[PDB]
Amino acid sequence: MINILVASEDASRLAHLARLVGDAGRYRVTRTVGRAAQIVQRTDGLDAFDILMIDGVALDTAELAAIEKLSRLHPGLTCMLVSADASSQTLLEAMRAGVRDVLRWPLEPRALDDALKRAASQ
């Protein structure tokens, strides 16, 4: 089984995301209420996870700095961003912060399934 950490600062959004990830396959899903900036401070344990999924709602400079610090300290961790922002500039920022995939919000189960099978290969 693949071990996935799902993160958001909105519990009702987080619950929804974790269910869809569960419906996508036989993965081991874990939920956390918090920003990337907050997971950076409690970094003790991220080595257990294969995929990190961050809900890119209030995506700014501090959050991108936190994802860059997370991806750089945990190379075996595939970071994915769930955002409604489809701009080239935001994608470029995410890419430069070490994000290896970006899923659209609202989440499409076909898109998510394909995304999780790509990360499962590595």
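Counting begins at 1, following the sequence as shown.
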Handout entry: 19 to 27 versus 98 to 106 - which carries the larger mean C-alpha B factor in the record
Key = 19 to 27
Practice task
Look up the CA B-factors in the entry and say which stretch, 83 to 91 or 39 to 47, has the higher mean.
Solution key: 39 to 47
Completion exercise
Chain thirds by Cα B factor, record data; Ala120 belongs to the highest
Problem - Chain-wide C-alpha B factor ranking for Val57, given as lowest, middle or highest third - result: middle
Handout entry: Chain-wide C-alpha B factor ranking for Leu73, given as lowest, middle or highest third
Key = highest
